[PDB]
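Structure, as structure tokens:
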Amino acid sequence: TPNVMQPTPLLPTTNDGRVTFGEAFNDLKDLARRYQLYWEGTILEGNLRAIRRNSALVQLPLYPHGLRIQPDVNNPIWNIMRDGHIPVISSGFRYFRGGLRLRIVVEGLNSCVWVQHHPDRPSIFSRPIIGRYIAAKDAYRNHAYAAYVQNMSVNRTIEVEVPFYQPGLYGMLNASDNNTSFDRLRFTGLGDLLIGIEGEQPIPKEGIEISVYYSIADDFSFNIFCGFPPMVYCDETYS
Amino acid sequence: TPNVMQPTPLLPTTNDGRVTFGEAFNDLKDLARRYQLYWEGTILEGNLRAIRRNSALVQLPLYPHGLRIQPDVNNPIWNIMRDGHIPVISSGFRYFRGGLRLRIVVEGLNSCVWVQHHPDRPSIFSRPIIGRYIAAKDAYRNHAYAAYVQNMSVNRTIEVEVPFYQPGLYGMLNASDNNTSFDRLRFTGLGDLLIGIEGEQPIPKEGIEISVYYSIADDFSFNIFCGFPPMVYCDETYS
Amino acid sequence: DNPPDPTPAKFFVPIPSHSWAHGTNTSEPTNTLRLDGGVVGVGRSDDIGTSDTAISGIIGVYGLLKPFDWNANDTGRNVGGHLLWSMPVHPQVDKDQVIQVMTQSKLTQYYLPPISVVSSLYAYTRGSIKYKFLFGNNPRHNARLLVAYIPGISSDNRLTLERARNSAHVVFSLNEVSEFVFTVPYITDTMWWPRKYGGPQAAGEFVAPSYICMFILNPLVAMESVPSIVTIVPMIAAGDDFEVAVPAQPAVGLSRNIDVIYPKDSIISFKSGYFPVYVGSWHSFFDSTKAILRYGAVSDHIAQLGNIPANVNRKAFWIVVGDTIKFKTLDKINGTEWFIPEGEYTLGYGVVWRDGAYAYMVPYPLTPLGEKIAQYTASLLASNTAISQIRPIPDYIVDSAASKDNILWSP
Amino acid sequence: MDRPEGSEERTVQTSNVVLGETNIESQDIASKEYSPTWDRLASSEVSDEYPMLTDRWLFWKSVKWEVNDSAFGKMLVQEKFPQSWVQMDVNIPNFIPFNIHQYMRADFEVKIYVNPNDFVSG
């Protein structure tokens, strides 16, 4: 009884005429997605530390299966319809070995923004943390880490590719959250991404809005097929 | 007894399987770094001279081993974690012969900025000096020196490459600071870099923030290996 | 003939700068500050060698670790089975196994070996490690040691000689032999191993994959006409199969400047852009007869202080903890013998004067008398005393020299 | 030792001087040894070489270290190299292959001799 096993088939008809997945439509349909989906919201002045210099504003844990969904009334895109395709696709697999592409949009600022990547940092958070409320010794820009400095006067969307730097055979996706091992902190996430502002100058009254979109890469692979966890229909989100 | 000398080896096992430095990871790991690290902070109006025309705002001494670290509470990136990779890499060598790449970011201004390079200027400072407090006859733009004029309306990050113009065999790195010779002023630094503003128009109330990042070049070389000076662990910066 | 070019525009994405991460196997466009605008590189000769930055070359160089004495007269420690020396096995060296130089109110300096310094520049690592043991003995001395490599262990809580023989080990003889090397293997559950020490990001140091232990097999024996003490000097180098994975935040820093600002309530060195500072006058402060720290000769340019933490006492004054400046400055006060003779003093103490959202600093001489005057001034401001009654604060005689850079303070 | 004479001792001979050794050395090189090519690009004047004088092995100093002063790190000799200028008052002396000339360059070789007993350690 392999996962695909037909003991005695009673097929009354011939098969349906073969299409290619791109004929009566013009694209090849297979399970690969570089479609970009959201990851976070907005920040205000009252969130940042008293000394906001070389201090990151966001601590983003890197998970192929996305972040732990949290419904708000300010953000209906999480509440009325669940998280995007990517985390539901990764829910049917166990391991990954590729890097992720990050597209980041910062709208309330016209001043320079930085983005740094910390591969070896243990991914023990399932939600992004902002400013003052960020753990100390975190959201401090490091020196010798992969980074990208961009001016918002030129372009206010940052596109970078986060590499796969894990000292292991695989990368674990769909990791539990609260209480450990040595496989949940160094082998699950690609690490953390720190987003900060070059200047220590105060945040505009209206505040700043950071929308992080991400996609899969080419050297990325969903290695082992697991059973699908029971899903929730978005169509029944009103009763 | 050469620096690498094994008199009587007692090796119980075979060697570990050879990886290439880029196989279980995808990059070739050798000691070459074009990773950009910070060099300075911000400037206000009250810092500049009464006649701020063709008068530079910053006098940057050019050292491959970086500047003399100075801890502040306004800048934690120097205090909680020491200077970047570059000055710790150059600490194990004695001489250099290449040029440096400078990436400069000016954020509080939308007016034109200039950057000039003075190769033959004696590098007798270990810290940048600003405005009024700059020595006279310095931070005055010169005529026939390598320079680059850039408008902040188009792009607010300046990327230039400072050449190696020393009348000697080598370039000395890890130079002492206070009391001389003829090798410490003309053979150590690539010279000085002057950063000024095209206009004499007053600085905005919020002030301007200049972040200078730099990297090594291709014609650059760490020639003679010296012993490593005792280091300090960044992990013990809280007790 | 001015032909039209109706050739479709191309969608292009603007960006401020070129990659900040890329360091090899690519081109980096830049504005070369030269007269020749082509591919230009420094001229060389045999006087000026190639870059000597091969990782395998550097980390192959032997570094010295904390030595220890090996006495043969000790009737207790010099017995069969005793543990003479041990430590975790990893590229970096255990801080307690390194030569240290500590300083009061400063940073501890560690004399790290080539393999350790480099490894602190990379996140993960792997390969065999070469531990060379140098003995300060002569032909008369004689012994045998059993050095082992215990995988999966990081302490000597359950470590003994009769258990070390059950793992990868070597038995060295000390019979007219002063030097030998024990190249320890790389036995790991994984391919690469994370560095034990790293950039401040978490409150926990990672663990080494194994543990090396040196035991006694046949106790050291010397004679009457020979030194009973034989100092042992352990040295470390990386094996030919040693590799370093990914560049990360240095777990080390330079000892050029060991000055640091710990979580100790340092009083913030004003603000950035509001320094250098000097002692000057202010027309809104007692008709510019008293002294305050300015940052500009232009009016309305008083040095502002940064974010003072709310855990500081309101009645407290401050002290300079870094480089300071000299300044010239008060008559005798009623009821007390407090009087400051006209002369030049070094700035030491100070009292914060708040004026709305902006906070400034008032200078006080580094003298036993000045500390008490600033003591009272700090107490008078805490009780909201009349501005005219706190006036008898140092006087303004003339301007003073500017500071090299930011001045630090403390409660 | 084992002969009517002592053991056979190795010899090192340069110009006008001979050094004797009895055991195996411990050696190393400061940096990659080479042939100077940019030195002729610094002086228009013809360079001069004095093999008979410069190739000679010279003894310049002998320091004594006792047990009471022997501690880990104790610096027995700390001088700027190359500076072998010796004169009656603190004042390069013309008494040896040393020249009072403006510029010079050369490669150096340092040999350290120590003669201990069969019963000491350090």
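Naming scheme: A, B, ... for chains in displayed order of the structure tokens; residues 1 onward per chain; ligands 1 onward as shown.
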
Report as an mmCIF file with N, CA, C and O atoms, in the first residue's frame: the residues of chain B with a DSSP assignment of strand (DSSP E), based on the backbone of this structure.
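The file below, result_1.cif, is the result:
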```
data_model
loop_
_atom_site.group_PDB
_atom_site.id
_atom_site.type_symbol
_atom_site.label_atom_id
_atom_site.label_comp_id
_atom_site.auth_asym_id
_atom_site.auth_seq_id
_atom_site.Cartn_x
_atom_site.Cartn_y
_atom_site.Cartn_z
ATOM 1 N N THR B 42 27.599 62.004 12.776
ATOM 2 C CA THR B 42 26.849 63.157 12.256
ATOM 3 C C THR B 42 27.409 64.550 12.588
ATOM 4 O O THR B 42 28.191 64.715 13.522
ATOM 5 N N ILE B 43 26.991 65.542 11.801
ATOM 6 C CA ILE B 43 27.448 66.928 11.939
ATOM 7 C C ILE B 43 26.277 67.913 12.070
ATOM 8 O O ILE B 43 25.232 67.725 11.445
ATOM 9 N N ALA B 56 35.865 72.302 3.811
ATOM 10 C CA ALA B 56 35.381 70.946 4.032
ATOM 11 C C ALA B 56 34.836 70.791 5.441
ATOM 12 O O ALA B 56 35.234 71.507 6.360
ATOM 13 N N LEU B 57 33.926 69.840 5.598
ATOM 14 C CA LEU B 57 33.266 69.598 6.870
ATOM 15 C C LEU B 57 33.962 68.479 7.630
ATOM 16 O O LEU B 57 33.892 68.412 8.857
ATOM 17 N N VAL B 58 34.646 67.610 6.895
ATOM 18 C CA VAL B 58 35.310 66.460 7.492
ATOM 19 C C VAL B 58 36.720 66.289 6.945
ATOM 20 O O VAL B 58 36.956 66.444 5.748
ATOM 21 N N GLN B 59 37.655 65.980 7.836
ATOM 22 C CA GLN B 59 39.016 65.649 7.441
ATOM 23 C C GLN B 59 39.283 64.195 7.796
ATOM 24 O O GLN B 59 39.606 63.883 8.939
ATOM 25 N N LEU B 60 39.134 63.311 6.812
ATOM 26 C CA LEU B 60 39.282 61.876 7.036
ATOM 27 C C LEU B 60 40.659 61.339 6.669
ATOM 28 O O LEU B 60 41.005 61.261 5.491
ATOM 29 N N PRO B 61 41.444 60.944 7.683
ATOM 30 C CA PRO B 61 42.721 60.266 7.456
ATOM 31 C C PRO B 61 42.483 58.869 6.905
ATOM 32 O O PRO B 61 41.575 58.178 7.373
ATOM 33 N N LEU B 62 43.282 58.450 5.933
ATOM 34 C CA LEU B 62 43.054 57.171 5.274
ATOM 35 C C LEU B 62 43.970 56.081 5.811
ATOM 36 O O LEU B 62 45.167 56.069 5.540
ATOM 37 N N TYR B 95 52.572 45.352 6.290
ATOM 38 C CA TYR B 95 52.578 46.271 5.154
ATOM 39 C C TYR B 95 51.426 46.058 4.167
ATOM 40 O O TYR B 95 50.868 44.964 4.064
ATOM 41 N N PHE B 96 51.086 47.127 3.447
ATOM 42 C CA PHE B 96 50.053 47.107 2.413
ATOM 43 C C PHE B 96 50.502 47.951 1.222
ATOM 44 O O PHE B 96 51.282 48.884 1.389
ATOM 45 N N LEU B 100 42.106 52.074 -1.430
ATOM 46 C CA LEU B 100 40.880 51.750 -0.717
ATOM 47 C C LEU B 100 39.641 52.270 -1.435
ATOM 48 O O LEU B 100 39.668 53.329 -2.059
ATOM 49 N N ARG B 101 38.556 51.509 -1.339
ATOM 50 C CA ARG B 101 37.256 51.931 -1.851
ATOM 51 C C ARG B 101 36.439 52.593 -0.749
ATOM 52 O O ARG B 101 36.293 52.036 0.336
ATOM 53 N N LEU B 102 35.914 53.782 -1.027
ATOM 54 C CA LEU B 102 35.100 54.499 -0.052
ATOM 55 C C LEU B 102 33.663 54.692 -0.523
ATOM 56 O O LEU B 102 33.422 55.240 -1.596
ATOM 57 N N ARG B 103 32.710 54.229 0.283
ATOM 58 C CA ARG B 103 31.300 54.513 0.041
ATOM 59 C C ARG B 103 30.806 55.488 1.108
ATOM 60 O O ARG B 103 30.852 55.184 2.301
ATOM 61 N N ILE B 104 30.335 56.656 0.678
ATOM 62 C CA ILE B 104 29.952 57.725 1.601
ATOM 63 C C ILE B 104 28.480 58.114 1.479
ATOM 64 O O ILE B 104 27.998 58.407 0.387
ATOM 65 N N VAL B 105 27.778 58.132 2.611
ATOM 66 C CA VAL B 105 26.346 58.430 2.638
ATOM 67 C C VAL B 105 26.016 59.711 3.415
ATOM 68 O O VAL B 105 26.327 59.828 4.600
ATOM 69 N N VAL B 106 25.393 60.669 2.733
ATOM 70 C CA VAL B 106 25.032 61.957 3.329
ATOM 71 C C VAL B 106 23.515 62.136 3.304
ATOM 72 O O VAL B 106 22.928 62.321 2.240
ATOM 73 N N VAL B 113 27.396 67.766 -2.808
ATOM 74 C CA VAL B 113 28.478 67.427 -1.883
ATOM 75 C C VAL B 113 29.760 67.114 -2.658
ATOM 76 O O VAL B 113 29.695 66.529 -3.739
ATOM 77 N N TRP B 114 30.918 67.492 -2.121
ATOM 78 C CA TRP B 114 32.182 67.164 -2.782
ATOM 79 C C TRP B 114 33.059 66.262 -1.919
ATOM 80 O O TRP B 114 32.931 66.234 -0.695
ATOM 81 N N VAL B 115 33.941 65.517 -2.581
ATOM 82 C CA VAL B 115 34.916 64.665 -1.903
ATOM 83 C C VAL B 115 36.265 64.746 -2.620
ATOM 84 O O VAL B 115 36.367 64.454 -3.810
ATOM 85 N N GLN B 116 37.299 65.149 -1.890
ATOM 86 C CA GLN B 116 38.630 65.295 -2.471
ATOM 87 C C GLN B 116 39.665 64.436 -1.752
ATOM 88 O O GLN B 116 39.534 64.158 -0.563
ATOM 89 N N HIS B 117 40.709 64.043 -2.474
ATOM 90 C CA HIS B 117 41.726 63.158 -1.923
ATOM 91 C C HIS B 117 43.116 63.783 -1.956
ATOM 92 O O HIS B 117 43.579 64.230 -3.003
ATOM 93 N N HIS B 118 43.768 63.820 -0.798
ATOM 94 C CA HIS B 118 45.097 64.407 -0.673
ATOM 95 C C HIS B 118 46.134 63.356 -0.283
ATOM 96 O O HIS B 118 46.366 63.123 0.900
ATOM 97 N N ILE B 129 38.316 65.216 12.140
ATOM 98 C CA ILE B 129 38.050 66.505 12.767
ATOM 99 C C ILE B 129 36.980 67.252 11.966
ATOM 100 O O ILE B 129 36.974 67.194 10.737
ATOM 101 N N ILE B 130 36.076 67.942 12.656
ATOM 102 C CA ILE B 130 34.938 68.589 12.000
ATOM 103 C C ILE B 130 34.933 70.124 12.114
ATOM 104 O O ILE B 130 35.331 70.681 13.136
ATOM 105 N N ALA B 147 39.181 64.380 -7.259
ATOM 106 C CA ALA B 147 37.935 64.730 -6.597
ATOM 107 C C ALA B 147 36.710 64.192 -7.324
ATOM 108 O O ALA B 147 36.802 63.682 -8.441
ATOM 109 N N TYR B 148 35.561 64.315 -6.670
ATOM 110 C CA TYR B 148 34.295 63.871 -7.234
ATOM 111 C C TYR B 148 33.159 64.719 -6.676
ATOM 112 O O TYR B 148 32.910 64.733 -5.471
ATOM 113 N N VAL B 149 32.476 65.430 -7.566
ATOM 114 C CA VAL B 149 31.365 66.291 -7.178
ATOM 115 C C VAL B 149 30.039 65.591 -7.465
ATOM 116 O O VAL B 149 29.783 65.182 -8.596
ATOM 117 N N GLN B 150 29.202 65.458 -6.440
ATOM 118 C CA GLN B 150 27.950 64.716 -6.574
ATOM 119 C C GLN B 150 26.742 65.440 -5.980
ATOM 120 O O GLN B 150 26.810 65.975 -4.873
ATOM 121 N N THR B 157 24.559 58.589 -1.988
ATOM 122 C CA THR B 157 25.676 57.750 -1.577
ATOM 123 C C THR B 157 26.798 57.880 -2.601
ATOM 124 O O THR B 157 26.604 57.654 -3.795
ATOM 125 N N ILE B 158 27.972 58.282 -2.128
ATOM 126 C CA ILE B 158 29.117 58.465 -3.006
ATOM 127 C C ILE B 158 30.051 57.266 -2.933
ATOM 128 O O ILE B 158 30.484 56.879 -1.851
ATOM 129 N N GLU B 159 30.363 56.686 -4.089
ATOM 130 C CA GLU B 159 31.305 55.575 -4.152
ATOM 131 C C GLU B 159 32.512 55.963 -4.997
ATOM 132 O O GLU B 159 32.398 56.187 -6.202
ATOM 133 N N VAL B 160 33.667 56.041 -4.349
ATOM 134 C CA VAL B 160 34.913 56.393 -5.016
ATOM 135 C C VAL B 160 36.014 55.418 -4.631
ATOM 136 O O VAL B 160 35.894 54.687 -3.647
ATOM 137 N N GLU B 161 37.088 55.403 -5.411
ATOM 138 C CA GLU B 161 38.226 54.559 -5.092
ATOM 139 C C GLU B 161 39.470 55.404 -4.887
ATOM 140 O O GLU B 161 39.958 56.047 -5.817
ATOM 141 N N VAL B 162 39.978 55.401 -3.662
ATOM 142 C CA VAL B 162 41.191 56.137 -3.348
ATOM 143 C C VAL B 162 42.424 55.313 -3.698
ATOM 144 O O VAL B 162 42.592 54.202 -3.203
ATOM 145 N N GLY B 171 53.411 50.320 2.279
ATOM 146 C CA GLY B 171 52.537 51.214 3.009
ATOM 147 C C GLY B 171 52.414 50.625 4.397
ATOM 148 O O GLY B 171 52.104 49.443 4.545
ATOM 149 N N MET B 172 52.684 51.425 5.419
ATOM 150 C CA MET B 172 52.666 50.907 6.778
ATOM 151 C C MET B 172 51.286 51.014 7.421
ATOM 152 O O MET B 172 50.673 52.082 7.441
ATOM 153 N N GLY B 191 46.639 59.196 2.740
ATOM 154 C CA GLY B 191 46.448 60.632 2.767
ATOM 155 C C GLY B 191 45.175 61.000 3.499
ATOM 156 O O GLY B 191 44.718 60.266 4.375
ATOM 157 N N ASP B 192 44.600 62.145 3.144
ATOM 158 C CA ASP B 192 43.375 62.609 3.779
ATOM 159 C C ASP B 192 42.263 62.809 2.758
ATOM 160 O O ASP B 192 42.515 63.158 1.605
ATOM 161 N N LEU B 193 41.028 62.580 3.191
ATOM 162 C CA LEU B 193 39.867 62.799 2.343
ATOM 163 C C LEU B 193 39.044 63.957 2.894
ATOM 164 O O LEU B 193 38.633 63.934 4.054
ATOM 165 N N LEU B 194 38.799 64.966 2.065
ATOM 166 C CA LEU B 194 38.012 66.118 2.494
ATOM 167 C C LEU B 194 36.592 66.071 1.946
ATOM 168 O O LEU B 194 36.383 65.969 0.738
ATOM 169 N N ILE B 195 35.620 66.163 2.846
ATOM 170 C CA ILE B 195 34.213 66.164 2.467
ATOM 171 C C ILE B 195 33.586 67.515 2.796
ATOM 172 O O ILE B 195 33.576 67.936 3.953
ATOM 173 N N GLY B 196 33.075 68.198 1.775
ATOM 174 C CA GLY B 196 32.458 69.500 1.965
ATOM 175 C C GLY B 196 31.156 69.668 1.205
ATOM 176 O O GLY B 196 30.741 68.780 0.463
ATOM 177 N N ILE B 197 30.511 70.817 1.386
ATOM 178 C CA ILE B 197 29.255 71.110 0.704
ATOM 179 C C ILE B 197 29.425 72.281 -0.256
ATOM 180 O O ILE B 197 29.898 73.347 0.142
ATOM 181 N N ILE B 208 23.034 67.211 9.536
ATOM 182 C CA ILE B 208 23.343 66.227 8.507
ATOM 183 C C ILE B 208 24.112 65.042 9.077
ATOM 184 O O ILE B 208 24.919 65.189 9.996
ATOM 185 N N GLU B 209 23.850 63.861 8.530
ATOM 186 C CA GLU B 209 24.496 62.642 9.001
ATOM 187 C C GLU B 209 25.333 61.988 7.908
ATOM 188 O O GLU B 209 24.812 61.594 6.865
ATOM 189 N N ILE B 210 26.635 61.874 8.158
ATOM 190 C CA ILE B 210 27.560 61.317 7.178
ATOM 191 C C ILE B 210 28.117 59.977 7.652
ATOM 192 O O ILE B 210 28.856 59.914 8.635
ATOM 193 N N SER B 211 27.754 58.906 6.954
ATOM 194 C CA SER B 211 28.278 57.584 7.277
ATOM 195 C C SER B 211 29.207 57.094 6.174
ATOM 196 O O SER B 211 28.783 56.861 5.042
ATOM 197 N N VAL B 212 30.483 56.948 6.515
ATOM 198 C CA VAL B 212 31.490 56.528 5.554
ATOM 199 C C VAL B 212 31.818 55.050 5.699
ATOM 200 O O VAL B 212 32.329 54.616 6.730
ATOM 201 N N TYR B 213 31.509 54.277 4.667
ATOM 202 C CA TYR B 213 31.842 52.860 4.653
ATOM 203 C C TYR B 213 33.023 52.648 3.716
ATOM 204 O O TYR B 213 33.177 53.376 2.736
ATOM 205 N N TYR B 214 33.857 51.657 4.006
ATOM 206 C CA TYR B 214 34.999 51.403 3.139
ATOM 207 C C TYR B 214 35.316 49.923 2.989
ATOM 208 O O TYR B 214 34.880 49.092 3.786
ATOM 209 N N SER B 215 36.086 49.613 1.952
ATOM 210 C CA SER B 215 36.487 48.244 1.660
ATOM 211 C C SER B 215 37.879 48.214 1.046
ATOM 212 O O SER B 215 38.434 49.248 0.673
ATOM 213 N N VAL B 232 40.289 41.328 22.291
ATOM 214 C CA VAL B 232 39.286 41.503 23.325
ATOM 215 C C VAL B 232 37.985 40.873 22.861
ATOM 216 O O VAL B 232 37.557 41.096 21.732
ATOM 217 N N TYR B 233 37.344 40.104 23.733
ATOM 218 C CA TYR B 233 36.095 39.453 23.367
ATOM 219 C C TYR B 233 34.938 40.428 23.519
ATOM 220 O O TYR B 233 34.785 41.071 24.554
#
```

Pull the alpha helix (DSSP H) assignments for segment 76-145 of chain A out of DSSP run on the backbone, and list those residues as a PyMOL selection string.
chain A and resi 76-79+85-89

Counting only C-alpha atoms, which residues of chain C fall within 9 Å of chain D, and what is the closest atom pair for each with its distance in Å at one decimal, ordered by chain and rising number, as JSON lines?
```
{"residue": "C:45", "atom": "CA", "partner": "D:37", "partner_atom": "CA", "distance": 7.2}
{"residue": "C:46", "atom": "CA", "partner": "D:34", "partner_atom": "CA", "distance": 6.7}
{"residue": "C:47", "atom": "CA", "partner": "D:36", "partner_atom": "CA", "distance": 5.9}
{"residue": "C:49", "atom": "CA", "partner": "D:32", "partner_atom": "CA", "distance": 7.9}
{"residue": "C:135", "atom": "CA", "partner": "D:122", "partner_atom": "CA", "distance": 8.8}
{"residue": "C:136", "atom": "CA", "partner": "D:122", "partner_atom": "CA", "distance": 5.3}
{"residue": "C:137", "atom": "CA", "partner": "D:121", "partner_atom": "CA", "distance": 5.2}
{"residue": "C:138", "atom": "CA", "partner": "D:121", "partner_atom": "CA", "distance": 5.9}
{"residue": "C:139", "atom": "CA", "partner": "D:118", "partner_atom": "CA", "distance": 7.5}
{"residue": "C:140", "atom": "CA", "partner": "D:119", "partner_atom": "CA", "distance": 7.3}
{"residue": "C:225", "atom": "CA", "partner": "D:119", "partner_atom": "CA", "distance": 6.8}
{"residue": "C:226", "atom": "CA", "partner": "D:119", "partner_atom": "CA", "distance": 5.4}
{"residue": "C:227", "atom": "CA", "partner": "D:120", "partner_atom": "CA", "distance": 6.8}
{"residue": "C:229", "atom": "CA", "partner": "D:121", "partner_atom": "CA", "distance": 8.8}
{"residue": "C:230", "atom": "CA", "partner": "D:121", "partner_atom": "CA", "distance": 7.5}
{"residue": "C:231", "atom": "CA", "partner": "D:122", "partner_atom": "CA", "distance": 8.2}
```

query = If we count only C-alpha atoms, what is near segment 183-185 of chain A at a cut-off of 9 Å, once residues fewer than 6 positions away on the same chain are taken out, given as a list in words?
reply =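 Once the adjacent positions are removed, what remains is residues 121, 122, 123, 124, 171, 172, 175, 176, 177 and 191 of chain A.
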
Requested write-out: N, CA, C and O atoms of the selected residues, as a PDB file, in the first residue's frame:
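Below is the file out-v3.pdb, written as the result:
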```pdb
ATOM      1  N   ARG A 121      22.530  33.313  13.984  1.00  0.00           N
ATOM      2  CA  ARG A 121      21.689  33.713  15.107  1.00  0.00           C
ATOM      3  C   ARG A 121      20.547  32.722  15.262  1.00  0.00           C
ATOM      4  O   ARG A 121      19.836  32.438  14.298  1.00  0.00           O
ATOM      5  N   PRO A 122      20.368  32.193  16.480  1.00  0.00           N
ATOM      6  CA  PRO A 122      19.308  31.213  16.718  1.00  0.00           C
ATOM      7  C   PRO A 122      17.914  31.791  16.511  1.00  0.00           C
ATOM      8  O   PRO A 122      17.564  32.809  17.105  1.00  0.00           O
ATOM      9  N   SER A 123      17.135  31.137  15.653  1.00  0.00           N
ATOM     10  CA  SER A 123      15.773  31.565  15.375  1.00  0.00           C
ATOM     11  C   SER A 123      14.819  30.975  16.403  1.00  0.00           C
ATOM     12  O   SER A 123      14.246  29.904  16.192  1.00  0.00           O
ATOM     13  N   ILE A 124      14.656  31.677  17.521  1.00  0.00           N
ATOM     14  CA  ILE A 124      13.795  31.209  18.600  1.00  0.00           C
ATOM     15  C   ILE A 124      12.555  32.083  18.786  1.00  0.00           C
ATOM     16  O   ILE A 124      11.875  32.001  19.807  1.00  0.00           O
ATOM     17  N   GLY A 171      17.365  21.838   6.269  1.00  0.00           N
ATOM     18  CA  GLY A 171      16.825  22.980   6.976  1.00  0.00           C
ATOM     19  C   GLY A 171      15.420  22.586   7.379  1.00  0.00           C
ATOM     20  O   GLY A 171      14.636  22.141   6.541  1.00  0.00           O
ATOM     21  N   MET A 172      15.101  22.713   8.659  1.00  0.00           N
ATOM     22  CA  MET A 172      13.796  22.279   9.133  1.00  0.00           C
ATOM     23  C   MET A 172      12.750  23.387   9.051  1.00  0.00           C
ATOM     24  O   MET A 172      12.956  24.495   9.546  1.00  0.00           O
ATOM     25  N   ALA A 175       8.628  24.592  12.329  1.00  0.00           N
ATOM     26  CA  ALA A 175       9.206  24.428  13.655  1.00  0.00           C
ATOM     27  C   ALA A 175       8.271  24.900  14.764  1.00  0.00           C
ATOM     28  O   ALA A 175       7.615  25.935  14.638  1.00  0.00           O
ATOM     29  N   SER A 176       8.206  24.125  15.844  1.00  0.00           N
ATOM     30  CA  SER A 176       7.434  24.507  17.023  1.00  0.00           C
ATOM     31  C   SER A 176       8.023  25.776  17.636  1.00  0.00           C
ATOM     32  O   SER A 176       9.116  26.204  17.259  1.00  0.00           O
ATOM     33  N   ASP A 177       7.316  26.365  18.594  1.00  0.00           N
ATOM     34  CA  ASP A 177       7.631  27.725  19.013  1.00  0.00           C
ATOM     35  C   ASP A 177       8.331  27.928  20.359  1.00  0.00           C
ATOM     36  O   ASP A 177       9.306  28.674  20.436  1.00  0.00           O
ATOM     37  N   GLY A 191      18.124  32.379   9.896  1.00  0.00           N
ATOM     38  CA  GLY A 191      18.672  33.357  10.814  1.00  0.00           C
ATOM     39  C   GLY A 191      17.720  34.519  11.006  1.00  0.00           C
ATOM     40  O   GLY A 191      16.507  34.370  10.862  1.00  0.00           O
TER      41      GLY A 191
END
```

> Using only C-alpha atoms, which residues sit within 9 Å of segment 29-32 of chain B once same-chain residues fewer than 5 positions away are excluded, as JSON, numbers by chain?
Replying inline: {"B": [20, 21, 22, 89, 216], "C": [23, 24, 52, 53, 54, 55, 56, 243, 244, 245, 246, 247]}

Just to be explicit: take each residue in the selection above, keep C-alpha atoms, and write the result as an mmCIF file, in the first residue's frame.
```cif
data_model
loop_
_atom_site.group_PDB
_atom_site.id
_atom_site.type_symbol
_atom_site.label_atom_id
_atom_site.label_comp_id
_atom_site.auth_asym_id
_atom_site.auth_seq_id
_atom_site.Cartn_x
_atom_site.Cartn_y
_atom_site.Cartn_z
ATOM 1 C CA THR B 20 36.301 22.829 -0.805
ATOM 2 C CA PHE B 21 35.648 25.979 1.166
ATOM 3 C CA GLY B 22 32.610 26.397 -1.117
ATOM 4 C CA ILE B 89 42.588 41.419 9.838
ATOM 5 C CA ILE B 216 39.748 46.818 0.362
ATOM 6 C CA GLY C 23 33.831 40.554 -1.801
ATOM 7 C CA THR C 24 34.961 38.278 -4.626
ATOM 8 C CA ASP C 52 49.829 36.771 2.193
ATOM 9 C CA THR C 53 46.232 36.064 3.139
ATOM 10 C CA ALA C 54 45.774 32.361 2.552
ATOM 11 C CA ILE C 55 43.693 31.043 5.426
ATOM 12 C CA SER C 56 45.479 27.693 5.518
ATOM 13 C CA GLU C 243 38.173 24.992 7.260
ATOM 14 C CA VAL C 244 36.088 28.038 8.226
ATOM 15 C CA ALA C 245 32.509 28.427 7.011
ATOM 16 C CA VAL C 246 30.729 31.792 7.071
ATOM 17 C CA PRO C 247 31.760 35.399 7.825
#
```

Checklist line | Non-local contacts of residue 63 of chain D (12 Å; only C-alpha atoms; under 3 positions in same chain excluded) as a count of residues only | finding: 10

Across B:87, B:107, B:70, B:94, the smallest distance to chain D, with only C-alpha atoms counted, is shown by B:94

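Rounded to one decimal, atom CA of residue 151 of chain C and atom CA of residue 121 of chain C lie 24.7 Å from each other.
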
Dump as JSON lines the rows for residues of chain A within 7 Å of chain B: closest atom pair and distance in Å with one decimal, only C-alpha atoms counted, ordered by chain and rising residue number.
```
{"residue": "A:51", "atom": "CA", "partner": "B:74", "partner_atom": "CA", "distance": 6.4}
{"residue": "A:53", "atom": "CA", "partner": "B:75", "partner_atom": "CA", "distance": 6.1}
{"residue": "A:54", "atom": "CA", "partner": "B:77", "partner_atom": "CA", "distance": 6.1}
{"residue": "A:111", "atom": "CA", "partner": "B:107", "partner_atom": "CA", "distance": 6.2}
{"residue": "A:112", "atom": "CA", "partner": "B:107", "partner_atom": "CA", "distance": 6.8}
{"residue": "A:140", "atom": "CA", "partner": "B:77", "partner_atom": "CA", "distance": 6.9}
{"residue": "A:141", "atom": "CA", "partner": "B:77", "partner_atom": "CA", "distance": 6.6}
{"residue": "A:143", "atom": "CA", "partner": "B:84", "partner_atom": "CA", "distance": 4.8}
{"residue": "A:144", "atom": "CA", "partner": "B:85", "partner_atom": "CA", "distance": 5.9}
{"residue": "A:151", "atom": "CA", "partner": "B:156", "partner_atom": "CA", "distance": 6.9}
{"residue": "A:154", "atom": "CA", "partner": "B:155", "partner_atom": "CA", "distance": 6.4}
{"residue": "A:165", "atom": "CA", "partner": "B:25", "partner_atom": "CA", "distance": 6.7}
{"residue": "A:199", "atom": "CA", "partner": "B:209", "partner_atom": "CA", "distance": 6.5}
```
